[PDB]
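**Q** As input, take my_file27.cif (mmCIF, C-alpha atoms and all ligand atoms):
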data_protein
loop_
_atom_site.group_PDB
_atom_site.id
_atom_site.type_symbol
_atom_site.label_atom_id
_atom_site.label_comp_id
_atom_site.auth_asym_id
_atom_site.auth_seq_id
_atom_site.Cartn_x
_atom_site.Cartn_y
_atom_site.Cartn_z
ATOM 1 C CA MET M 1 -17.033 14.571 13.810
ATOM 2 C CA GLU M 2 -17.322 10.798 13.591
ATOM 3 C CA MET M 3 -15.474 9.122 10.732
ATOM 4 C CA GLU M 4 -18.058 7.380 8.518
ATOM 5 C CA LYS M 5 -20.307 10.427 8.302
ATOM 6 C CA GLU M 6 -17.488 12.916 7.966
ATOM 7 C CA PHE M 7 -16.543 10.606 5.072
ATOM 8 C CA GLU M 8 -19.871 10.867 3.232
ATOM 9 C CA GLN M 9 -19.908 14.611 3.909
ATOM 10 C CA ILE M 10 -16.548 15.031 2.124
ATOM 11 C CA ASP M 11 -17.632 12.784 -0.749
ATOM 12 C CA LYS M 12 -20.921 14.651 -1.283
ATOM 13 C CA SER M 13 -19.139 18.013 -1.068
ATOM 14 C CA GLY M 14 -16.147 16.872 -3.159
ATOM 15 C CA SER M 15 -13.603 18.524 -0.854
ATOM 16 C CA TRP M 16 -10.907 15.824 -0.455
ATOM 17 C CA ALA M 17 -8.254 18.048 -2.055
ATOM 18 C CA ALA M 18 -9.020 20.872 0.379
ATOM 19 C CA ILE M 19 -8.918 18.583 3.424
ATOM 20 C CA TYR M 20 -5.598 17.111 2.260
ATOM 21 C CA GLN M 21 -4.073 20.539 1.625
ATOM 22 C CA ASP M 22 -5.005 21.603 5.175
ATOM 23 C CA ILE M 23 -3.023 18.621 6.495
ATOM 24 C CA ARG M 24 -0.044 19.619 4.351
ATOM 25 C CA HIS M 25 -0.213 23.189 5.693
ATOM 26 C CA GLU M 26 -0.379 22.152 9.371
ATOM 27 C CA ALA M 27 2.291 19.414 9.184
ATOM 28 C CA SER M 28 5.494 19.684 11.225
ATOM 29 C CA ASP M 29 8.755 20.990 9.755
ATOM 30 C CA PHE M 30 11.923 19.795 11.486
ATOM 31 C CA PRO M 31 15.530 19.835 10.245
ATOM 32 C CA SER M 32 17.030 17.021 8.128
ATOM 33 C CA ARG M 33 20.642 18.220 8.037
ATOM 34 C CA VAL M 34 22.339 14.797 8.077
ATOM 35 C CA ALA M 35 20.314 13.602 5.051
ATOM 36 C CA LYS M 36 21.527 16.606 3.018
ATOM 37 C CA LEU M 37 25.275 16.227 3.621
ATOM 38 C CA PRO M 38 27.123 15.697 0.301
ATOM 39 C CA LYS M 39 28.555 12.337 1.377
ATOM 40 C CA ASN M 40 24.983 10.953 1.623
ATOM 41 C CA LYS M 41 23.685 11.888 -1.845
ATOM 42 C CA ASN M 42 23.802 8.308 -3.139
ATOM 43 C CA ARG M 43 21.980 7.080 0.012
ATOM 44 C CA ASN M 44 18.756 8.956 -0.887
ATOM 45 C CA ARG M 45 16.394 7.856 -3.629
ATOM 46 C CA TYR M 46 14.509 11.182 -3.867
ATOM 47 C CA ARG M 47 15.942 14.616 -3.061
ATOM 48 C CA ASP M 48 12.664 15.832 -1.516
ATOM 49 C CA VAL M 49 12.104 12.851 0.860
ATOM 50 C CA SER M 50 14.426 12.856 3.885
ATOM 51 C CA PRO M 51 14.292 11.685 7.505
ATOM 52 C CA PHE M 52 14.183 14.321 10.247
ATOM 53 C CA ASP M 53 17.327 14.453 12.376
ATOM 54 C CA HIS M 54 15.434 13.929 15.652
ATOM 55 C CA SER M 55 13.784 10.624 14.615
ATOM 56 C CA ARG M 56 16.221 9.099 12.088
ATOM 57 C CA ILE M 57 17.531 5.552 12.580
ATOM 58 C CA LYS M 58 21.291 5.492 13.159
ATOM 59 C CA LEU M 59 23.450 2.636 11.905
ATOM 60 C CA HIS M 60 25.927 1.301 14.496
ATOM 61 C CA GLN M 61 28.948 2.363 12.495
ATOM 62 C CA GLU M 62 31.488 5.104 13.149
ATOM 63 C CA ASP M 63 32.326 5.907 9.513
ATOM 64 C CA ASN M 64 28.838 6.842 8.301
ATOM 65 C CA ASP M 65 25.738 6.129 10.384
ATOM 66 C CA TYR M 66 23.193 7.405 7.837
ATOM 67 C CA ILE M 67 20.174 5.583 6.332
ATOM 68 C CA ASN M 68 16.963 7.099 4.929
ATOM 69 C CA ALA M 69 14.705 5.660 7.657
ATOM 70 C CA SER M 70 12.584 7.094 10.527
ATOM 71 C CA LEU M 71 11.238 5.782 13.887
ATOM 72 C CA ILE M 72 7.501 6.510 14.210
ATOM 73 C CA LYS M 73 6.665 6.035 17.967
ATOM 74 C CA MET M 74 2.898 6.110 18.750
ATOM 75 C CA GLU M 75 2.612 6.637 22.504
ATOM 76 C CA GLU M 76 -1.114 6.081 23.208
ATOM 77 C CA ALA M 77 -1.441 3.146 20.805
ATOM 78 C CA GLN M 78 1.804 1.592 22.134
ATOM 79 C CA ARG M 79 3.069 0.727 18.636
ATOM 80 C CA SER M 80 6.328 1.660 16.890
ATOM 81 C CA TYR M 81 7.225 1.421 13.190
ATOM 82 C CA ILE M 82 10.347 2.066 11.106
ATOM 83 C CA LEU M 83 9.426 3.679 7.765
ATOM 84 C CA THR M 84 12.128 3.606 5.085
ATOM 85 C CA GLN M 85 12.661 4.021 1.324
ATOM 86 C CA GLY M 86 13.056 1.051 -0.976
ATOM 87 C CA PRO M 87 16.718 0.028 -0.802
ATOM 88 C CA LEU M 88 19.160 1.298 -3.466
ATOM 89 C CA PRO M 89 21.978 -0.722 -5.070
ATOM 90 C CA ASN M 90 24.448 0.929 -2.681
ATOM 91 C CA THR M 91 22.238 0.639 0.462
ATOM 92 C CA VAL M 92 21.045 -3.013 0.497
ATOM 93 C CA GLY M 93 23.748 -3.868 3.043
ATOM 94 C CA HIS M 94 22.759 -0.896 5.240
ATOM 95 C CA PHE M 95 19.107 -2.009 5.081
ATOM 96 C CA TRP M 96 19.844 -5.478 6.503
ATOM 97 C CA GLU M 97 22.269 -3.983 9.051
ATOM 98 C CA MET M 98 19.326 -1.881 10.339
ATOM 99 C CA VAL M 99 16.990 -4.890 10.497
ATOM 100 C CA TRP M 100 19.641 -6.736 12.548
ATOM 101 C CA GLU M 101 20.558 -3.868 14.893
ATOM 102 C CA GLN M 102 16.953 -2.854 15.592
ATOM 103 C CA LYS M 103 15.878 -6.494 16.347
ATOM 104 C CA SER M 104 12.999 -6.382 13.887
ATOM 105 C CA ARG M 105 11.062 -9.583 13.174
ATOM 106 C CA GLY M 106 9.202 -8.499 10.022
ATOM 107 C CA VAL M 107 9.703 -6.458 6.840
ATOM 108 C CA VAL M 108 6.593 -5.113 5.053
ATOM 109 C CA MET M 109 6.992 -4.336 1.302
ATOM 110 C CA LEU M 110 4.166 -2.485 -0.474
ATOM 111 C CA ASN M 111 5.640 -2.065 -4.000
ATOM 112 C CA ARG M 112 6.884 -4.252 -6.867
ATOM 113 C CA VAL M 113 10.563 -4.093 -7.862
ATOM 114 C CA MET M 114 9.475 -2.722 -11.270
ATOM 115 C CA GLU M 115 6.431 -0.456 -11.683
ATOM 116 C CA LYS M 116 5.492 1.838 -14.591
ATOM 117 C CA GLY M 117 8.458 0.376 -16.508
ATOM 118 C CA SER M 118 11.066 1.704 -14.058
ATOM 119 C CA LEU M 119 12.941 0.251 -11.068
ATOM 120 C CA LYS M 120 11.333 1.244 -7.745
ATOM 121 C CA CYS M 121 13.792 -0.615 -5.466
ATOM 122 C CA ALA M 122 16.685 -3.062 -5.610
ATOM 123 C CA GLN M 123 16.213 -6.857 -5.661
ATOM 124 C CA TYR M 124 17.349 -7.027 -2.029
ATOM 125 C CA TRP M 125 16.340 -10.604 -1.037
ATOM 126 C CA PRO M 126 17.190 -13.996 -2.652
ATOM 127 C CA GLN M 127 14.745 -15.619 -5.039
ATOM 128 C CA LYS M 128 16.030 -19.224 -4.818
ATOM 129 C CA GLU M 129 16.879 -21.287 -1.723
ATOM 130 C CA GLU M 130 20.218 -22.473 -3.111
ATOM 131 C CA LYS M 131 21.416 -18.948 -4.139
ATOM 132 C CA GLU M 132 21.980 -17.012 -0.916
ATOM 133 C CA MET M 133 23.156 -13.371 -0.724
ATOM 134 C CA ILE M 134 26.236 -12.043 1.061
ATOM 135 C CA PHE M 135 26.541 -8.316 1.887
ATOM 136 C CA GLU M 136 30.270 -7.811 2.294
ATOM 137 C CA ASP M 137 30.175 -4.170 3.411
ATOM 138 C CA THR M 138 28.106 -5.059 6.534
ATOM 139 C CA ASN M 139 29.129 -8.751 6.974
ATOM 140 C CA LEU M 140 25.660 -10.359 6.740
ATOM 141 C CA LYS M 141 24.319 -13.443 4.952
ATOM 142 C CA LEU M 142 20.678 -13.792 3.853
ATOM 143 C CA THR M 143 18.994 -17.087 2.780
ATOM 144 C CA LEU M 144 15.511 -17.814 1.448
ATOM 145 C CA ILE M 145 13.955 -20.560 3.615
ATOM 146 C CA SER M 146 10.418 -20.789 2.177
ATOM 147 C CA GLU M 147 7.943 -18.798 0.102
ATOM 148 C CA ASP M 148 4.101 -18.823 0.086
ATOM 149 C CA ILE M 149 2.520 -17.071 -2.944
ATOM 150 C CA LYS M 150 -1.137 -16.017 -2.625
ATOM 151 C CA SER M 151 -3.386 -14.021 -4.931
ATOM 152 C CA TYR M 152 -2.761 -10.585 -3.377
ATOM 153 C CA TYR M 153 0.470 -11.037 -1.396
ATOM 154 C CA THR M 154 3.445 -13.335 -0.784
ATOM 155 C CA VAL M 155 5.003 -14.310 2.590
ATOM 156 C CA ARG M 156 8.628 -15.413 2.768
ATOM 157 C CA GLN M 157 10.703 -16.868 5.586
ATOM 158 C CA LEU M 158 14.318 -15.627 5.521
ATOM 159 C CA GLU M 159 17.404 -16.423 7.635
ATOM 160 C CA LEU M 160 19.706 -13.506 8.471
ATOM 161 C CA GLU M 161 23.154 -14.425 9.808
ATOM 162 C CA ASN M 162 25.579 -11.993 11.399
ATOM 163 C CA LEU M 163 28.848 -13.381 10.024
ATOM 164 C CA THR M 164 30.949 -11.657 12.728
ATOM 165 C CA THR M 165 29.239 -13.569 15.586
ATOM 166 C CA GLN M 166 27.599 -16.504 13.719
ATOM 167 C CA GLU M 167 24.259 -15.608 15.325
ATOM 168 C CA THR M 168 21.171 -16.273 13.183
ATOM 169 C CA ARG M 169 17.586 -14.963 13.212
ATOM 170 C CA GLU M 170 14.374 -15.688 11.347
ATOM 171 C CA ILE M 171 12.885 -12.674 9.473
ATOM 172 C CA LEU M 172 9.391 -12.685 7.918
ATOM 173 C CA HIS M 173 8.940 -10.811 4.580
ATOM 174 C CA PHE M 174 5.335 -9.667 3.925
ATOM 175 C CA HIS M 175 5.004 -8.539 0.286
ATOM 176 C CA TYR M 176 1.796 -6.879 -0.916
ATOM 177 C CA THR M 177 2.026 -7.466 -4.677
ATOM 178 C CA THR M 178 -1.207 -6.007 -6.094
ATOM 179 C CA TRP M 179 -1.274 -2.251 -5.384
ATOM 180 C CA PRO M 180 -2.088 -0.725 -8.818
ATOM 181 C CA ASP M 181 0.549 1.193 -10.811
ATOM 182 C CA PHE M 182 -1.754 4.285 -10.748
ATOM 183 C CA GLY M 183 -4.227 5.360 -8.050
ATOM 184 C CA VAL M 184 -5.385 3.263 -5.054
ATOM 185 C CA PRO M 185 -7.276 -0.046 -4.771
ATOM 186 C CA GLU M 186 -11.019 0.097 -5.381
ATOM 187 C CA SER M 187 -11.817 -1.920 -2.223
ATOM 188 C CA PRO M 188 -9.719 -2.008 0.990
ATOM 189 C CA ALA M 189 -10.566 -5.658 1.614
ATOM 190 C CA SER M 190 -7.301 -7.217 0.406
ATOM 191 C CA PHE M 191 -5.161 -4.522 2.103
ATOM 192 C CA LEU M 192 -6.950 -5.169 5.439
ATOM 193 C CA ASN M 193 -6.566 -8.940 5.045
ATOM 194 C CA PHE M 194 -2.841 -8.323 4.509
ATOM 195 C CA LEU M 195 -2.591 -6.086 7.604
ATOM 196 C CA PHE M 196 -4.253 -8.797 9.719
ATOM 197 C CA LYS M 197 -1.747 -11.387 8.421
ATOM 198 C CA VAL M 198 1.165 -9.167 9.511
ATOM 199 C CA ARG M 199 -0.472 -8.720 12.930
ATOM 200 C CA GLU M 200 -1.074 -12.458 13.372
ATOM 201 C CA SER M 201 2.642 -13.196 12.758
ATOM 202 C CA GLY M 202 3.841 -11.304 15.867
ATOM 203 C CA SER M 203 5.841 -8.825 13.768
ATOM 204 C CA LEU M 204 4.029 -5.773 15.222
ATOM 205 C CA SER M 205 4.175 -6.873 18.843
ATOM 206 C CA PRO M 206 6.252 -5.418 21.717
ATOM 207 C CA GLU M 207 8.405 -8.533 22.203
ATOM 208 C CA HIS M 208 10.242 -7.618 18.958
ATOM 209 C CA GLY M 209 11.914 -4.507 17.591
ATOM 210 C CA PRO M 210 9.811 -2.258 15.338
ATOM 211 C CA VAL M 211 8.556 -3.625 12.036
ATOM 212 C CA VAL M 212 10.362 -2.207 8.961
ATOM 213 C CA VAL M 213 7.871 -0.924 6.337
ATOM 214 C CA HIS M 214 8.709 0.440 2.868
ATOM 215 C CA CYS M 215 7.420 1.286 -0.584
ATOM 216 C CA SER M 216 9.465 3.304 -3.087
ATOM 217 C CA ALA M 217 9.804 6.572 -1.097
ATOM 218 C CA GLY M 218 8.574 5.212 2.242
ATOM 219 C CA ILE M 219 5.824 7.839 2.782
ATOM 220 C CA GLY M 220 2.780 7.067 0.638
ATOM 221 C CA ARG M 221 1.598 3.424 0.731
ATOM 222 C CA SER M 222 3.806 3.002 3.817
ATOM 223 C CA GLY M 223 1.952 5.847 5.549
ATOM 224 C CA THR M 224 -1.401 4.273 4.700
ATOM 225 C CA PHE M 225 -0.341 0.980 6.348
ATOM 226 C CA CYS M 226 0.739 2.436 9.717
ATOM 227 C CA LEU M 227 -2.094 5.009 9.847
ATOM 228 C CA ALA M 228 -4.735 2.299 9.382
ATOM 229 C CA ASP M 229 -3.093 -0.027 11.928
ATOM 230 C CA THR M 230 -2.781 2.674 14.642
ATOM 231 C CA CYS M 231 -6.342 3.996 14.135
ATOM 232 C CA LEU M 232 -7.890 0.503 14.454
ATOM 233 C CA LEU M 233 -5.822 -0.207 17.605
ATOM 234 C CA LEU M 234 -6.992 3.065 19.228
ATOM 235 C CA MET M 235 -10.624 2.181 18.405
ATOM 236 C CA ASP M 236 -10.157 -1.074 20.390
ATOM 237 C CA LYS M 237 -8.439 0.594 23.369
ATOM 238 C CA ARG M 238 -10.724 3.600 24.002
ATOM 239 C CA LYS M 239 -14.113 3.727 25.740
ATOM 240 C CA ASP M 240 -15.496 5.832 22.870
ATOM 241 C CA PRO M 241 -14.230 4.545 19.481
ATOM 242 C CA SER M 242 -15.929 7.402 17.611
ATOM 243 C CA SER M 243 -13.459 9.775 19.288
ATOM 244 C CA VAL M 244 -10.601 8.521 17.069
ATOM 245 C CA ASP M 245 -9.736 11.372 14.664
ATOM 246 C CA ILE M 246 -7.799 10.078 11.653
ATOM 247 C CA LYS M 247 -6.571 13.547 10.659
ATOM 248 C CA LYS M 248 -5.129 14.122 14.134
ATOM 249 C CA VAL M 249 -3.413 10.712 14.138
ATOM 250 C CA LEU M 250 -1.852 11.487 10.734
ATOM 251 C CA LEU M 251 -0.543 14.850 11.948
ATOM 252 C CA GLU M 252 0.977 13.104 14.991
ATOM 253 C CA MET M 253 2.743 10.592 12.696
ATOM 254 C CA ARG M 254 4.045 13.450 10.504
ATOM 255 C CA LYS M 255 5.979 14.741 13.533
ATOM 256 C CA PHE M 256 8.269 11.729 12.911
ATOM 257 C CA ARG M 257 8.544 11.529 9.066
ATOM 258 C CA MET M 258 7.615 14.087 6.410
ATOM 259 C CA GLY M 259 5.034 13.617 3.720
ATOM 260 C CA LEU M 260 3.050 10.615 5.012
ATOM 261 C CA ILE M 261 0.050 10.089 2.677
ATOM 262 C CA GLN M 262 1.048 11.557 -0.700
ATOM 263 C CA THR M 263 -2.322 12.251 -2.389
ATOM 264 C CA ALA M 264 -5.939 13.054 -1.536
ATOM 265 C CA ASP M 265 -6.831 9.653 -3.016
ATOM 266 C CA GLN M 266 -4.521 7.943 -0.507
ATOM 267 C CA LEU M 267 -6.221 9.964 2.270
ATOM 268 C CA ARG M 268 -9.689 8.839 1.141
ATOM 269 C CA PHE M 269 -8.472 5.236 0.904
ATOM 270 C CA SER M 270 -7.131 5.398 4.481
ATOM 271 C CA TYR M 271 -10.562 6.514 5.744
ATOM 272 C CA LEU M 272 -12.222 3.693 3.786
ATOM 273 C CA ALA M 273 -9.860 1.085 5.219
ATOM 274 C CA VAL M 274 -10.381 2.169 8.845
ATOM 275 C CA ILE M 275 -14.167 2.337 8.395
ATOM 276 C CA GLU M 276 -14.450 -1.160 6.928
ATOM 277 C CA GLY M 277 -11.882 -2.588 9.275
ATOM 278 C CA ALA M 278 -13.763 -1.376 12.341
ATOM 279 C CA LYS M 279 -16.783 -3.520 11.375
ATOM 280 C CA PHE M 280 -14.808 -6.698 10.942
ATOM 281 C CA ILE M 281 -13.043 -6.352 14.269
ATOM 282 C CA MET M 282 -16.333 -6.835 16.102
ATOM 283 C CA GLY M 283 -19.246 -7.842 13.439
HETATM 284 O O1 LIG M 301 -17.453 3.614 16.313
HETATM 285 S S1 LIG M 301 -16.255 3.645 15.566
HETATM 286 O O2 LIG M 301 -15.488 4.797 15.828
HETATM 287 N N1 LIG M 301 -15.413 2.327 16.044
HETATM 288 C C1 LIG M 301 -15.986 1.008 16.398
HETATM 289 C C2 LIG M 301 -15.033 0.094 17.036
HETATM 290 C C3 LIG M 301 -15.081 -0.376 18.332
HETATM 291 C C4 LIG M 301 -13.994 -1.223 18.689
HETATM 292 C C5 LIG M 301 -13.095 -1.429 17.628
HETATM 293 S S2 LIG M 301 -13.659 -0.564 16.319
HETATM 294 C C6 LIG M 301 -16.491 3.512 13.868
HETATM 295 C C7 LIG M 301 -17.485 2.689 13.354
HETATM 296 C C8 LIG M 301 -17.726 2.518 11.978
HETATM 297 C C9 LIG M 301 -16.922 3.227 11.050
HETATM 298 C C10 LIG M 301 -15.925 4.052 11.553
HETATM 299 C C11 LIG M 301 -15.716 4.188 12.939
#
Re-express the file's structure as C-alpha cells.
Ligand SMILES: O=S(=O)(NCc1cccs1)c1ccccc1
**A**
Amino acid sequence: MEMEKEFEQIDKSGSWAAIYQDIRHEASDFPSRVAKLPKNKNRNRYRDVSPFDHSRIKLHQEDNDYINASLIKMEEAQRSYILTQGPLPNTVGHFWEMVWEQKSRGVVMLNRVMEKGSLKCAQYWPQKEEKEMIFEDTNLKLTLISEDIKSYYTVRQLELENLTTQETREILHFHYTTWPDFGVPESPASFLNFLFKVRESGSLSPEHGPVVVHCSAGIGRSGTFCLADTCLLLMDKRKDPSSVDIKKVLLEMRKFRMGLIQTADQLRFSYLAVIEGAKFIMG
C-alpha cells in the first residue's frame, strides 16, 4: 500500500502495536559473540543491546578492538551510517578513536546527558573553548571551536587532533536537544528541520566517512533518524515514490543492528516524518 493511506488505515483501526510486533517477529537474528565476551562487560551500556559480529565497527587496536557500534550500509539509497550507544566513562576515548579512524565528518546526538533524572551518556565533548579534553588511552585531543544554540538544537564545531601524527580535522556536532523525556514529539517539523541541517553540512555525503549517530542505546531515536533519511532519499531516486515501503526499509536496516525503532509510537512517528517530509521536498 501507499504510505499516507496505510497510515490513516492503521490509525482508524488502532493496530500500531500489531504492526510493530510483526516487525519484531520478522527481524534478523545474527550472532553477537564479541559483545558478550567477559572482557567487554564495561564497554556495553545495556546487556540486551549489542552489535552483530558481521557489521560491528572494529577499533584499529590489537589489544581490544571492541566498541558497541554498527555499520548500517544502505545499498540502493547509497548512504551509510554508524549507529552507536552513548559513550560511557570508560569508552569516551574509544568513541573519538572510531570517529578518527572511520573519517567521519559529523556526529549526531539525539539525547540529553541527563534525562529522567539519570545519566544517559558521558559528557564526552568540551563545554568551554579554553578547557580542551585529552584522551590519554587513545592519544587524541578535542577542542571546542564554536557553538551555535538554537531553540530545538545546537551545532558545535570541534577540532580533533591525533597527537601521534599531529594531524587535525574539523568535526561537526549536531545536537537535537528537545526530544521529550517520555514519548515522541507531537509534530515532526523540528526533527525534519534538524535532519535537513545535517544534510546541508555535507556530513551525510560520500566524500566523507559515515556519520556517527547516537542516543542512549543507539537503536530508538537513532533508528528513527536514519530510517527517515533513507526513505526520503529513495522517494527522490525512484520513478514511483509511492513504491517506497517503510516497513521493508526498516527490516533491511535491522539486518545490520538489532532493535531499531523501540516502540510502536516511534514507528508511527517515523511514518509521520516521512509523510510530511515528502511534501516539503517538492511543495
Ligand atoms: O508519493 S510519495 O510516495 N512520495 C513523493 C515524493 C516524490 C519525490 C520525493 S518525495 C508520498 C507522498 C505523500 C506522503 C507519503 C508518500
**Q** What would the selection look like, as a ChimeraX atom specification, if the PyMOL selection byres (((not hetatm)) within 9 of (chain M and resi 301)) were run on the coordinates I just shared?
**A** /M:2-5,231-245,271-272,274-282
**Q** Pull C-alpha atoms from the residues just selected and write them as an mmCIF file, in the frame of the given file.
**A**
data_model
loop_
_atom_site.group_PDB
_atom_site.id
_atom_site.type_symbol
_atom_site.label_atom_id
_atom_site.label_comp_id
_atom_site.auth_asym_id
_atom_site.auth_seq_id
_atom_site.Cartn_x
_atom_site.Cartn_y
_atom_site.Cartn_z
ATOM 1 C CA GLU M 2 -17.322 10.798 13.591
ATOM 2 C CA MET M 3 -15.474 9.122 10.732
ATOM 3 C CA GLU M 4 -18.058 7.380 8.518
ATOM 4 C CA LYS M 5 -20.307 10.427 8.302
ATOM 5 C CA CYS M 231 -6.342 3.996 14.135
ATOM 6 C CA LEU M 232 -7.890 0.503 14.454
ATOM 7 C CA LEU M 233 -5.822 -0.207 17.605
ATOM 8 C CA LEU M 234 -6.992 3.065 19.228
ATOM 9 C CA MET M 235 -10.624 2.181 18.405
ATOM 10 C CA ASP M 236 -10.157 -1.074 20.390
ATOM 11 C CA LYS M 237 -8.439 0.594 23.369
ATOM 12 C CA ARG M 238 -10.724 3.600 24.002
ATOM 13 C CA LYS M 239 -14.113 3.727 25.740
ATOM 14 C CA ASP M 240 -15.496 5.832 22.870
ATOM 15 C CA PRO M 241 -14.230 4.545 19.481
ATOM 16 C CA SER M 242 -15.929 7.402 17.611
ATOM 17 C CA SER M 243 -13.459 9.775 19.288
ATOM 18 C CA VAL M 244 -10.601 8.521 17.069
ATOM 19 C CA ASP M 245 -9.736 11.372 14.664
ATOM 20 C CA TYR M 271 -10.562 6.514 5.744
ATOM 21 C CA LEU M 272 -12.222 3.693 3.786
ATOM 22 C CA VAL M 274 -10.381 2.169 8.845
ATOM 23 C CA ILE M 275 -14.167 2.337 8.395
ATOM 24 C CA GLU M 276 -14.450 -1.160 6.928
ATOM 25 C CA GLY M 277 -11.882 -2.588 9.275
ATOM 26 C CA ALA M 278 -13.763 -1.376 12.341
ATOM 27 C CA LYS M 279 -16.783 -3.520 11.375
ATOM 28 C CA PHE M 280 -14.808 -6.698 10.942
ATOM 29 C CA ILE M 281 -13.043 -6.352 14.269
ATOM 30 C CA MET M 282 -16.333 -6.835 16.102
#
**Q** Given the file shown, determine the residues that the PyMOL selection byres (((chain M and resi 203) around 12) and not hetatm) selects; report them as a PyMOL selection string.
**A** chain M and resi 79-81+103-108+170-174+195-202+204-213
**Q** Out of M:194, M:110, M:74, M:56, which residue has the shortest atom-to-atom distance to residue 227 in chain M when counting all atoms listed in the file?
**A**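 Counting all atoms listed in the file, the residue closest to residue 227 in chain M is M:74.
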**Q** Tell me, in Å to one decimal, how far CA of residue 125 in chain M is from CA of residue 270 in chain M.
**A**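 Straight-line distance from CA of residue 125 in chain M to CA of residue 270 in chain M works out to 28.9 Å.
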**Q** The PyMOL selection byres (((chain M and resi 46-55) around 8) and not hetatm) on the file shown: which residues, as a list in words?
**A**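 Given this file, the PyMOL selection byres (((chain M and resi 46-55) around 8) and not hetatm) evaluates to residues 30, 31, 32, 33, 34, 35, 44, 45, 56, 57, 68, 69, 70, 71, 72, 217, 256, 257, 258 and 259 of chain M.
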**Q** Taking only C-alpha atoms into account, which of M:225, M:130, M:247, M:261 comes nearest residue 188 in chain M?
**A**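 Ranked by minimum distance to residue 188 in chain M, first place goes to M:225.
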**Q** Show me, as a list in words, the residues that have an atom within 9 Å of residue 179 in chain M when counting only C-alpha atoms, minus same-chain residues fewer than 6 positions from it.
**A**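 The neighbour list is residues 110, 111, 112, 152, 185, 191 and 221 of chain M.
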**Q** Next, dump the selected residues to file, keeping only C-alpha atoms, as a tab-separated table (two decimals), keeping the file's coordinate frame.
**A**
chain	number	residue	atom	x	y	z
M	110	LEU	CA	4.17	-2.48	-0.47
M	111	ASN	CA	5.64	-2.06	-4.00
M	112	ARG	CA	6.88	-4.25	-6.87
M	152	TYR	CA	-2.76	-10.58	-3.38
M	185	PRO	CA	-7.28	-0.05	-4.77
M	191	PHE	CA	-5.16	-4.52	2.10
M	221	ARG	CA	1.60	3.42	0.73
**Q** What's around residue 126 in chain M at 12 Å? Count all atoms listed in the file, leave out sequence neighbours fewer than 3 positions away in its own chain, and write the answer as a short mmCIF file (atom, residue, chain, number, x, y, z; two decimals) with C-alpha atoms, keeping the file's coordinate frame.
**A**
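After the write, result-v6.cif holds the following:
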data_model
loop_
_atom_site.label_atom_id
_atom_site.label_comp_id
_atom_site.auth_asym_id
_atom_site.auth_seq_id
_atom_site.Cartn_x
_atom_site.Cartn_y
_atom_site.Cartn_z
CA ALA M 122 16.68 -3.06 -5.61
CA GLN M 123 16.21 -6.86 -5.66
CA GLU M 129 16.88 -21.29 -1.72
CA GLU M 130 20.22 -22.47 -3.11
CA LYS M 131 21.42 -18.95 -4.14
CA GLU M 132 21.98 -17.01 -0.92
CA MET M 133 23.16 -13.37 -0.72
CA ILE M 134 26.24 -12.04 1.06
CA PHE M 135 26.54 -8.32 1.89
CA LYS M 141 24.32 -13.44 4.95
CA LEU M 142 20.68 -13.79 3.85
CA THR M 143 18.99 -17.09 2.78
CA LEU M 144 15.51 -17.81 1.45
CA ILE M 145 13.96 -20.56 3.62
CA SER M 146 10.42 -20.79 2.18
CA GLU M 147 7.94 -18.80 0.10
CA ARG M 156 8.63 -15.41 2.77
CA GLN M 157 10.70 -16.87 5.59
CA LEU M 158 14.32 -15.63 5.52
CA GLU M 159 17.40 -16.42 7.64
CA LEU M 160 19.71 -13.51 8.47
CA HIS M 173 8.94 -10.81 4.58
#
**Q** Smallest atom-to-atom distance to residue 216 in chain M: which of M:249, M:273, M:192, M:121, using all atoms listed in the file?
**A**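 Ranked by minimum distance to residue 216 in chain M, first place goes to M:121.
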**Q** For a test of reading the model, state the distance in Å between CA of residue 117 in chain M and CA of residue 228 in chain M, rounded to one decimal.
**A** 29.1 Å
**Q** What separation in Å, quoted to one decimal, exists between CA of residue 9 in chain M and CA of residue 250 in chain M?
**A**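 Interatomic distance here is 19.6 Å.
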**Q** Do you know which residues are at most 8 Å from residue 251 in chain M counting all atoms listed in the file, after dropping those on the same chain fewer than 2 positions away, and could you put them as a list in words?
**A** residues 23, 26, 27, 28, 247, 248, 249, 253, 254 and 255 of chain M
**Q** Would you compute, for all listed atoms of range 207-224 of chain M, the axis-aligned bounding box grown by 6 Å on each side, and then report its centre and edge lengths in Å rounded to one decimal, as AutoDock Vina command-line options?
**A**
--center_x 5.3 --center_y -0.3 --center_z 9.6 --size_x 25.3 --size_y 28.4 --size_z 37.3
**Q** For residue 116 in chain M, which residue out of M:63, M:265, M:167, M:181 is the nearest one, using all atoms listed in the file?
**A** M:181
**Q** Closest to residue 150 in chain M among M:115, M:190, M:8, M:60, using all atoms listed in the file?
**A**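 Ranking M:115, M:190, M:8, M:60 by distance to residue 150 in chain M, first place goes to M:190.
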**Q** So, with only C-alpha atoms as the atoms that count, which of M:17, M:83, M:182, M:100 lies closest to residue 223 in chain M?
**A** M:83
**Q** Can you pull out the residues contacting residue 183 in chain M? Cut-off 10 Å, using all atoms listed in the file, and skip same-chain residues under 5 positions away; I want them as a list in words.
**A**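 Neighbouring residues, sequence-local ones excluded: residues 263, 265, 266 and 269 of chain M.
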**Q** Near residue 164 in chain M, counting all atoms listed in the file, which residues have an atom at most 12 Å away, once you skip same-chain residues fewer than 4 positions from it, shown as an MDAnalysis selection string?
**A** chainID M and resid 136:141 168
